[PDB]
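Let's start with one chain on its own, the form deposited without this ligand, as C-alpha cells.
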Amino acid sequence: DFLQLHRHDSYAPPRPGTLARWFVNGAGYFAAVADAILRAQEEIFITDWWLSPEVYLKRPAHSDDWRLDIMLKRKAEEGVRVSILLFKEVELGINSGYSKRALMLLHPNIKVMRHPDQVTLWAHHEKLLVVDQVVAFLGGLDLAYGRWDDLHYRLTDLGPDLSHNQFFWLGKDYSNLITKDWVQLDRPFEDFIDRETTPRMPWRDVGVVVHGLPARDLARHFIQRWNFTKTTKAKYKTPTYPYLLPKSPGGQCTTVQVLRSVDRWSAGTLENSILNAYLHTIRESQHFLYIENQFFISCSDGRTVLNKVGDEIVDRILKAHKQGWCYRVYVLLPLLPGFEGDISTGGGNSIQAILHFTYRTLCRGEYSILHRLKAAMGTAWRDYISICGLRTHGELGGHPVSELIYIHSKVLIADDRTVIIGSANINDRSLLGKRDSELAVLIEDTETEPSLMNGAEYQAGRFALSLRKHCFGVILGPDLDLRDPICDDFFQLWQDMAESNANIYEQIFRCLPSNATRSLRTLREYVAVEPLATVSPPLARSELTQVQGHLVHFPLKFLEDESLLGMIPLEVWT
C-alpha cells in the first residue's frame, strides 16, 4: 500500500467501504472526540496547530469531566500511550511552550514534541486525532479556545467550582479573535474580554471522522512525522520519545482517500496531493461546486500567487458557458479575515494584506475570476458564481448586536457526490506542499439516493447530499425546497436572500465590510454615524424580523479605491 504513490499522487490509496461521518461546527466534533478518547485501549495520536489543554470537549462544564487534559491523563493512567505533535510558533500567541509543559506534566505515558526549531515562515497546520490507529478525526478544528460552537451561533454567554456553571465558553474560551487576540493562556479560566459588553464571534467549521483503513493511513502520516521529528534534535532522539510503528454512530459507507501537503522540512518527503485532488475534482465536476473556506487566494501569475484552483474554476465555468449547460459555483467566505484589527479604521495591515489577495482572486485585476468571466460573457457571470459570507444577530445591553459568523471550514462539495474535508485553506501556504503541512480526505459516495439536478432525476451521493443539505439548511434558515441545488428558481432564491439579508444588516447595523465604503476617505465619515441598532432598538428589532438565515452577499467593492498592500515577504500572506 505504501511502496509507491497512488491516485492524485497521494501516499495513500483510495479505501472503498469506509465508514465516514461529517461534522459541522465544533459541538458534535469535540463530543465525538471525547467519546473516542474514552474508549482508547492502546494509543492516541494528536496533531494540532494549537492545543489548549484546559478546553472542554462537552458543554457546559460542571466538573473536570470532559476537560481535554484530564481525559488524556486518565487514559494514560490506564496504560494508553498518548503521542502529540504541536506546532512551535515564534513567540504568535498560541504559546506552545505552555501546552507542551502542561501535557508532559500530566502522566509519564504522554509525550509531546514541538516543531520546527529553526526560523521559518511555515507551520504544521494539520488537525488530527487518531485512536488505536482505527478511528481518525480531521478537518479544520483544533482542540483550542474559540472553536466550540453549534447551530445557535451564540453572540452572548451570560447564563473555580464549576458545579453551578452555566457558561458555554469559560474564561479564555469566550473570545472574538478580531476584537482581541488571546493573551495570558496560563490563566485559562479568566476572561480577557468583557462578557457583559463584548460579543463573542461565532465559529463555523467542518470536521470528519473515518474508520478502518483510512484511519490507519492517517496514523501512518502521524508515525512518519513523529519518527522524522525524533531525528531533528538530540533531545528527541532518545528513547524518552519512542519510535512509533504502524499497526498492520451515524457513519455512511463511502470511498475515502487520504491526502496531504508535506515537504522535506515538515516530514522528510514531498507531496501535494490535496492540491491535485482539488484541481481534478473541479475539472471533472459536472453540475456545481460548493466551497466553504477560510481563505480564497488563488489565480496564478507564476510569481506571487502560484496555485491554480481559481484558474480551474474559471476554465470550468467558461466551459459550461460555451456548451450552454447549467453550472453553479457557491463560494462561502468569512466576511473579514481572522486577525486582530479595527475594521472601522481600515482593519490594519494584516487584515488589508489578506483582503488584497482575497479581492485579487475575486474581482480586482487581470487574474481575478470575475474579470476573466466578464471578458468572455459580460454581466452573465452572475449566472455561474455567487460569493457570500455569513452574519447573525442577537441582543446585548438592551439592544441588538451583530457579528459575522467566522467561516473557518476548509470544505469542497462537487455534484452532490464528492466531498473534500481537511485543514487546507485555498492559498499557496496550504496547497503547494512546500509550505505548511496539511491533511485532507477525499470522500466519494458509492451509495446514492434519488434527488434532483436542474429538474431532472439525479442519483446523489448519501454522504455528500446530507452534508450539502445541512449546509444549505442552516445557511438559509422549513418550507424551503433544497433538493435541487442548481435550478434557476433555487439559484435566484439564494441570490435574493443573500442580497436581502445584506441590505437589512447594513440598514440596522451599518456593519463592515460594505459596498458603501469604497475608500478610507468615505469609511472615515461612514463609521462616525450611530447605527439604528442603538438609536432605536425597537425599530431595529422590527426590521430584523425580515432576516432569514445567515446568508449575506460578500461585498465586492469594499475599499476598492485603496491599494491594500512592508518588508515581510509577500508569501507570508498567500
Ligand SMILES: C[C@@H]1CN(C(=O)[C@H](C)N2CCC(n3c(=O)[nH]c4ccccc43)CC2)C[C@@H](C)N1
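We call the rigid core whatever largest set of C-alpha positions still superposes within 1.5 Å between the two forms. For every residue, the number given is its place in the sequence shown, counted from 1.
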- Item | Segment of greater CA departure in 4 other deposited structures of this protein, 125 to 133 or 162 to 170, core superposed | 162 to 170
- Message: Given a rigid core fit, name the stretch, 344 to 352 or 464 to 472, whose C-alphas are on average farther from the form shown here in 4 other deposited structures of this protein.
- Response: 344 to 352
- Task: Count up the deposited residues without coordinates from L565 to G566 and drop the result into none, 1 to 3, 4 to 9, or 10 or more.
- Result: 4 to 9
- Task: Look at the stretch from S248 to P249 and count the residues of the deposited sequence that the entry does not model, then pick none, 1 to 3, 4 to 9, or 10 or more.
- Result: 10 or more
- Message: Going by the mean C-alpha B-factor recorded in the entry, which is higher: 238 to 246 or 256 to 264?
- Response: 238 to 246
- Hey, which bit's got the bigger mean C-alpha B factor in the entry, 116 to 124 or 465 to 473? 116 to 124
- Reading the B-factor column for Cα atoms of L289, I443, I94, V309, the highest value belongs to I94
- Query: Checking the entry, which one of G207, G433, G347, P485 has the top C-alpha B factor?
  - Reply: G347
- Message: Where does the C-alpha B-factor of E43 rank in its chain, lowest, middle or highest third?
- Response: middle
- Item | Chain-wide C-alpha B factor ranking for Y526, given as lowest, middle or highest third | highest
- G26 CA temperature factor, ranked by third within the chain: lowest
- Against its chain's modelled residues, does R225's Cα B factor rank lowest, middle or highest third? middle
- Record-listed C-alpha B factor of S298: chain third: lowest
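The same protein has a further form, the form deposited with this ligand bound, not shown here; the description that follows concerns it.
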- Message: Only one of these stretches, 206 to 214, 177 to 185, 280 to 288, 104 to 112, has heavy atoms within 4.5 Å of this ligand in the bound PDB entry; which one is it?
- Response: 177 to 185
- Task: May I ask you to state whether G250 is within 4.5 Å of this ligand in the bound PDB entry, using heavy atom distances?
- Result: no
- Query: Might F463 be said to contact this ligand in the bound PDB entry, defining contact as any heavy atom within 4.5 Å?
  - Reply: no
- Query: in the bound PDB entry, does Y406 have a heavy atom within 4.5 Å of this ligand?
  - Reply: yes
- Query: Does this ligand get within 4.5 angstroms of any non-hydrogen atom of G79 in the bound PDB entry?
  - Reply: no
- Query: Should the three residues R510, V547 and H553 be counted as contacting this ligand in the bound PDB entry, with contact defined as a heavy atom within 4.5 Å for each?
  - Reply: no
- Which of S402, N307, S99, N425 has a heavy atom within 4.5 Å of this ligand in the bound PDB entry? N425
- Query: Out of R468, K75, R391, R147, which one falls within 4.5 Å of this ligand in the bound PDB entry, going by heavy atoms?
  - Reply: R147
